[PDB]
2 protein chains.
Amino acid sequence: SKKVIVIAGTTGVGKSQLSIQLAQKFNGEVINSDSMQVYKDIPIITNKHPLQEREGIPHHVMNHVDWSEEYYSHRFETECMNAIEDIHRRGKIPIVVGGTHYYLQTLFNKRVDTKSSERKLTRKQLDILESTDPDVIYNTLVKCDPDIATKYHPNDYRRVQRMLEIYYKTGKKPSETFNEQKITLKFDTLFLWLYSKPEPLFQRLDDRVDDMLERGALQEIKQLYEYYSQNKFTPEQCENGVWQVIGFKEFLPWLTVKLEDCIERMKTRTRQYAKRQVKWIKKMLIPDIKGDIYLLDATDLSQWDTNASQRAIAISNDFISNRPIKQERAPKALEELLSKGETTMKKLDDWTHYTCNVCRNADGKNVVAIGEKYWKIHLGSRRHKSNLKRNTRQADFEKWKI
Amino acid sequence: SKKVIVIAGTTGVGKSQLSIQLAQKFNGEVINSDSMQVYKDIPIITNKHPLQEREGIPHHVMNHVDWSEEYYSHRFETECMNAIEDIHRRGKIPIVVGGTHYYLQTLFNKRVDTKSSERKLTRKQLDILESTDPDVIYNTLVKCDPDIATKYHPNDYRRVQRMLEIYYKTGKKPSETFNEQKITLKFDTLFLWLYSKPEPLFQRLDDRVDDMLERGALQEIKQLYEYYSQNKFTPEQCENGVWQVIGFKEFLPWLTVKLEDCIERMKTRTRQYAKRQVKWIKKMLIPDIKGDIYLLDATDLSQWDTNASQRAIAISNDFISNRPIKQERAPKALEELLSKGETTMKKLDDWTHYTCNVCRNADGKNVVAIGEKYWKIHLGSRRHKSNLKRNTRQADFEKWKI
RNA sequence: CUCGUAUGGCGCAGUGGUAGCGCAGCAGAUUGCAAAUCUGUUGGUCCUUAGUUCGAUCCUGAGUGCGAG
RNA sequence: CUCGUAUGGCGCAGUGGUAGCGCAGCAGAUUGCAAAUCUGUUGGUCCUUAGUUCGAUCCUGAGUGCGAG
Ligand SMILES: CC(C)=CCSP(=O)(O)OP(=O)(O)O
Ligand SMILES: [Mg+2]
Ligand SMILES: [Mg+2]
Ligand SMILES: [Mg+2]
Ligand SMILES: [Mg+2]
Ligand SMILES: [Mg+2]
Ligand SMILES: [Mg+2]
Ligand SMILES: [Mg+2]
Ligand SMILES: [Mg+2]
Ligand SMILES: [Mg+2]
Ligand SMILES: [Mg+2]
Ligand SMILES: [Mg+2]
Ligand SMILES: [Mg+2]
Ligand SMILES: [Mg+2]
Ligand SMILES: [Mg+2]
Ligand SMILES: [Zn+2]
Ligand SMILES: [Zn+2]
């Protein structure tokens, strides 16, 4: 049927560069899937692929959102799908490329449509949602459909809230809506994972951050700060839209010697991001797609042409030719990445909540662990231990008094 | 979503016995998928699972067809699906078990519906189909939609004919109908493959055949011969319906010392069938389902409980719990069976036809190889070689002639 | 002691100029027959020996084996 | 040669009773914020030694290493 190639991988592995090659070779168009690259201008830090390097290959869902609006999942689902539709009804083959692997879920119905299902929210319902208290909205969820409330920590406000918002707009238990999902991906899809040992990658990521300021990153940072300013924006705004990007908020303290620390801070966010990306691909993506993915070793750039270009084209050629791929699916060196142990095996299955009666966090609430495995980890943590000593020792102060 | 478990494997690995265990443990019903077990009575040779061993677990699409009719794919698709539907809308979980892995294709839309698409066949069209000549129907196909005619050898009458039958009833090139298929399987399916080293299996299959006659196989063979007889049936009828079963046609020459040979002949058909089954599962099934299947070593029956029962239950448990399976998917010992080399790698990709001008078969036609790889195999075969000698040697009796 | 045969795993062809097939085996195929069907293909040097002959697996003799006497 | 400072990977607190805060690191989560966000967590015995005292990282006195006229 209608083929669709998707290139995934950590930041700085050459996804875009590969996307182009495949686009030319197989007549296709790029469909960005980068939560930040969808914003107007701000190319250097948001690291967009320069036009003079796109070989004229069309790109969609990229650099079209104004800093005034906030992009998101469903905004990507409609935009991404339209592109797919279009590129298909033109004899071309779509190639979605981005580091926001989360959005990929749209490729296999992994979401809830609360839009088409309109429903006037009640004063009562709203008052609960937009409530000042944190644990109030949770207890509400725990009440109506506790099976979903047990999969979310009572502090995960964003999500716990989301779940409740669904229980209302759909009037259907979210836990049930999930047991009735398909997850089957539409369109014959070919997932390509361009990997690279962390050590080498990190080094490149650090230099790429350096020569990124040399190309005039600060000019963009200040511009961003201009709009940021004269708009009475607080640093706590850096959790919405473009303000989330890795390249602005890091220098905020500099924009009120010191600039260096804001750079090292950026080098850290990027490094962390890269690490989190692999985690998602190994614990979220792969498991979801039953593990139908092919790896591409991009650790030794001196190579690339052999390990990436060719291998990709090889797989892609058979894929597009509506034939079963004969490729090894994973080069010996990275063969372990697709193993169950490194993937589905790490996924949390125990959800029973536990509440420590002796430990409590800065927010005053008592510690709550999820899953017996981690519940024990806590019990044996120096945190819990130390807390259990002051407690015992205190209890004794009286025993001795008698 | 709606779960559906499928137990596959060669004949005599214990599929049915396992199907029951899983049925009980997980509240489900069996849906037979054995092209022969769907016929009335004739249990011993058709090897049906005895009632006193089904723990009351309901069975569908099994032993309901009269020897007068001929079962087939679409007959299975409607029957199988109805059972799935029903079993589901009752809180139960279906468990399709059978050795006719071919039918399984219904689990992932791998067929063409020429029924719902009625179309009065033309005298001209029919005269081509039901034509006495063999290569006439082929050349017709080669004309209208040669892309499909190039994937079938000009001697594969059954199929070449079928393809043409589709081009008519649907008025759509079959080659195109395939490039427009989905193949995506409906229902969240869990494929279990119960394997067993050939050597041990064969030994059991042989004894299985022996003690099969001891339980009164001949009684069924004669009964079958009764209906067969007084019906003026010729041995060439053993290509339709029940008459295909392995246990009847083998003794036909005995039914007109000798009975022994008819038994050894049966022991051979069974052995061969088992070999062919694995081939289908490794070159057809697995590749089609992108390799989402779990192996179960059933070579050492002394075990079974550990390697089969438990492992299956383990995987099944997580499956049904709508959770990502953490099981290894393949026990070290059989780990190689799921490798690409043993699977998709063996699939024929070269379809260009080749015709040897010096070699010809008993039917008078010239040899026709498919795929350069096999085209060469022929060119170097002693057949071709020997034929090229008589040719050359004869030509030399011409140069000398002048 | 009459006579007949003796060919790749089995069952068979054939030929005076160094051999074919069926089955098994191995392999490819499979979108209404699938426990069925189609396709390709690896195995011998024609029991041993001494002769006839330009040359024998196919002729003569003998031995060895097997078969109906 | 007289003063300072030496505490988990880096940076810095600190009470007489057997140690912290920040950066990182590690891990779990993710179905309208995901370059985001929530959650859990490993690390050192406080530069070595002799005293002092019931007790020392912190108190006294040496020795080691770095900074300063
Ligand atoms: C007699 C023949 C050729 C096939 C039927 S055996 P089976 O596949 O039904 O037996 P199991 O379920 O594997 O025990
Ligand atoms: Mg590169
Ligand atoms: Mg890029
Ligand atoms: Mg703007
Ligand atoms: Mg989404
Ligand atoms: Mg991390
Ligand atoms: Mg059975
Ligand atoms: Mg075979
Ligand atoms: Mg058993
Ligand atoms: Mg031959
Ligand atoms: Mg013989
Ligand atoms: Mg002579
Ligand atoms: Mg001789
Ligand atoms: Mg931290
Ligand atoms: Mg001391
Ligand atoms: Zn605690
Ligand atoms: Zn030839």
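All residue numbers here begin at 1 and follow the chain in the order shown.
The deposited model was determined using X-ray crystallography, 3.2 Å.
The backbone N, Cα and C atoms fix where each Cβ goes, and this holds for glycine too.
According to Swiss-Prot, the feature ATP binding site maps to A:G9, A:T10, A:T11, A:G12, A:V13, A:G14, A:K15, A:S16, an assignment based on sequence analysis. What Swiss-Prot lists as dimethylallyl diphosphate binding site is A:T11, A:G12, A:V13, A:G14, A:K15, A:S16, and the listing cites experimental evidence. If you look up Swiss-Prot, you'll see A:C356, A:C359, A:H378, A:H384 marked as Zn(2+) binding site. Feature annotation from Swiss-Prot assigns region 'Interaction with substrate tRNA' to A:34-37, A:158-162, A:265-283; the stated evidence is experimental evidence. According to Swiss-Prot, the feature region 'Core aggregation region' maps to A:187-195. Among the features that Swiss-Prot reports, region 'Interaction with isopentenylpyrophosphate transferase' is placed at A:198-220. Taken from Swiss-Prot, the feature site 'Interaction with substrate tRNA' applies to A:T100, A:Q181. Under the heading zinc finger, Swiss-Prot lists A:354-390.
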Of all listed recorded positions, namely A:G9, A:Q181, A:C359, A:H378, A:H384, those lying near chain B with CB under 8 A: A:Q181
Best-contacting stretch, by C-beta pairs under 8 Å, relative to the region 'Interaction with isopentenylpyrophosphate transferase' (A:198-220) and drawn from A:34-37, A:158-162, A:265-283: A:265-283
Positions on the same chain near the region 'Interaction with substrate tRNA' (A:158-162), where near means CB under 8 A and six or more residues out: 129, 137-138, 141, 149, 152
Residue with minimal Cβ packing [other Cβ atoms within 10 Å] among the binding-site residues A:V13, A:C356, A:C359: A:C356
Long-range environment of the region 'Core aggregation region' (A:187-195) - Cβ separation under 8 angstroms, sequence gap at least 6: 1-10, 13-15, 18, 84, 107, 278, 281, 285, 289, 292-299, 308, 312, 315-316, 319, 322, 325, 334, 337
Listed recorded positions (A:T10, A:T11, A:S16, A:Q181), ranked by Cβ neighbours within 10 Å, top entry: A:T10
Among A:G9, A:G14, A:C356, A:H378, A:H384, which are recorded as binding-site residues, the nearest neighbour of A:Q181 (site 'Interaction with substrate tRNA') by Cα: A:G9
Cα-Cα distance linking A:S16 (ATP binding site) and A:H378 (Zn(2+) binding site), given in Å to the nearest integer: 42
Integer Å distance between the CA atoms belonging to A:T100 (site 'Interaction with substrate tRNA') and A:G9 (ATP binding site): 9
Shell list (dimethylallyl diphosphate; ref centroid = CB of A:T11, A:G12, A:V13, A:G14, A:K15, A:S16; cutoff 8 A): A:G9, A:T10, A:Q17, A:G99, A:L194
Set of same-chain residues at least 6 away whose C-beta sits under 8 angstroms from A:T100 (site 'Interaction with substrate tRNA'): A:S33, A:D34, A:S35, A:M36
Cα-Cα distance in Å between A:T256 and A:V257, where 7 residues go unmodelled: 14
Separation of alpha carbons, A:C359 (Zn(2+) binding site) and A:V13 (ATP binding site) (Å): 43
For the binding-site residues A:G9, A:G12, A:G14, the one whose C-beta sees the most other C-beta atoms within 10 angstroms: A:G9
Output field, ATP shell: CB within 8 Å of site CB centroid, site A:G9, A:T10, A:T11, A:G12, A:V13, A:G14, A:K15, A:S16 dropped: A:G99, A:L194, A:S196, A:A298
Distance, A:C359 (Zn(2+) binding site) to A:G14 (ATP binding site) (CA atoms, angstrom): 46
Rounded inter-Cα distance in Å - A:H384 (Zn(2+) binding site), A:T10 (ATP binding site): 36
Helix-strand-coil residue split for the region 'Interaction with substrate tRNA' (A:158-162), DSSP-based: 5 helix, 0 strand, 0 coil
